[PDB]
Each structure stands twice: as structure tokens, then as C-alpha cells.
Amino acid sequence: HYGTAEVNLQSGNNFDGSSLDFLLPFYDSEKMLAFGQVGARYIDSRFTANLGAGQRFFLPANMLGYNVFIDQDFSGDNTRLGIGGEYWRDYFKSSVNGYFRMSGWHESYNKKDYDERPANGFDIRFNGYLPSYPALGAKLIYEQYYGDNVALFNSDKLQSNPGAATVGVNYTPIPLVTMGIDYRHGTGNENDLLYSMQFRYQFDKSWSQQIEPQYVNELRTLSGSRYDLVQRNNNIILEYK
């Protein structure tokens, strides 16, 4: 069996919490992978679950992929459609994600005297790894959301059509674990930091393979990276009214 289970722990401000996500192949060939993705998370005092599917198509030197998602913030009863695109290479992953709401305004879960609903937006994600030393990765994100009063950073400081850029580094001593730090900056001079740790289990790998720095290189190759989780924000950014 092939696929991935990933636990994520993150802190350090507004989106503190944890999550579990699975990538489950249902068709698997050298040239094309079709997969379901499913998971849930408790982050920023909300319980959210996510369900998706996509295809990945491979050439020896690159990969094209698309995916579709439904995101359900159960705490606040907010629903959203997600679409994604992927272009991956050795030591390089690029992704673009659209975020489209499916649920209307209604009494807000966390903010008194407000209504809330998902804010539409997109983001572009880059992840790159040093080929000579692939345990070192960096992380570029640009994200943009729309609405008169959106909470991209927190709900106590609402913002008009906020955008933000994130730079982060991360370290993967053995395939099983990644640690990193993300700095983000936007709109109103808003800043933050996210410290996070991922535990990665690979269904196709023996145990010893997953605790040996030898194999980090290969997780970061294109054929390495075939069962990695889709790269998106699985948290629904909300807007208020």
C-alpha cells in the first residue's frame, strides 16, 4: 500500500493547534496517480475537516497535478470549495490554490455582534530543497483574500482585502520528522511567526527507511514526493459583517 499520514503541530500565534491528514491512492501507475485526501484539525479554537481528490501526472523530470476539495469548518458551520494546481520537480514544488465559498453569512461563532462566512482568495506556494543537502528546505507563500473585514492574521484586527508573504525554513533530519519556522508579513504591517512540526508516515516505506537521513534525499526527489499531501491552507479564512 502506498500513501501518507501526516500529523502537524504548530504554534505561536493565531493558528495554534494540530491536525491529521491522509493521502490515499486509488489508482497508481508510473505516469499517473489518482488519490483521495482526507483529514481534520483543531486550530484557532475551531474543528475543521477536509475531503478532496486529485490526479498527478508524471514525466521523468516534472509533474502536473490538479485537485478539488471541500472544507468544512464544523465549529462555525462554514463551507468552502477548493481547487488546486501543482507543478513539481526534483527538490522543487509549486502549487496554486483557489478558495471559493459555498456558505452564506450567519451569526458568527467567535465574534459577538458579527456575521461571518468564508473569504474568497488564493495562494501560491513554493517549496524548495537544497539538492546537495536536501534536509534543508525553504518556503515561499503568497496569499490574497477578499472582503471588507477579513481575518487573515486574527479576528481582533480585521482588514480590507488582505495579502501576505511568508518565508520559512525547515529541517528534515530523517524522513519521519520536519521542523520549521514561518515568518509572514502583510497589509497593515501585520507580522507573524509559525513554529511547526510534522510527523510523516510513508505507507510504502519500512520503518528503518523512515528514520535514516539517507532517504531524505529521495523523499525530496520527484519520485520521492509522489504521495506528499496537497499543499494548501486547510483552515478556512473568514470575513465578517
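One rule holds for the numbers: they count along the sequence shown, beginning at 1.
Peer 1: Please compare 229-237 with 8-16 and name the stretch with the higher mean C-alpha B-factor in the deposited structure.
Peer 2: Between 229-237 and 8-16, it is 8-16.
Peer 1: Hey, which bit's got the bigger mean C-alpha B factor in the entry, 150-158 or 78-86?
Peer 2: Looking at the recorded C-alpha B-factors, 150-158 comes out higher on average.
Peer 1: Quiz for you: based on the deposited Cα B-factor, which of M197, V68, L59, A34 is highest?
Peer 2: By C-alpha B-factor in the record, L59 ranks first.
Peer 1: Please work out which residue in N170, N110, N97, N120 has the highest C-alpha B-factor recorded for this crystal structure.
Peer 2: Reading the PDB entry, the winner on C-alpha B-factor is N110.
Peer 1: C-alpha B factor of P175, ranked within the chain: lowest, middle or highest third?
Peer 2: Answer is middle: the recorded C-alpha B-factor places it there.
Peer 1: Relative to the other modelled residues in the chain, which third contains the C-alpha temperature factor of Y142: lowest, middle or highest?
Peer 2: Within its chain, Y142 is a middle-third residue by C-alpha B-factor, going by the deposited values.
Peer 1: Where does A40 sit by CA temperature factor within its chain: lowest, middle or highest third?
Peer 2: Its C-alpha B-factor, which the entry lists for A40, ranks in the lowest third among residues of this chain.
Peer 1: What third of the chain does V216 rank in for C-alpha temperature factor, lowest, middle or highest?
Peer 2: CA B-factor rank for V216: highest third.
Peer 1: Would you check the entry's CA temperature factor for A165 and let me know if it's in the chain's lowest, middle or highest third?
Peer 2: Middle third by C-alpha B-factor.
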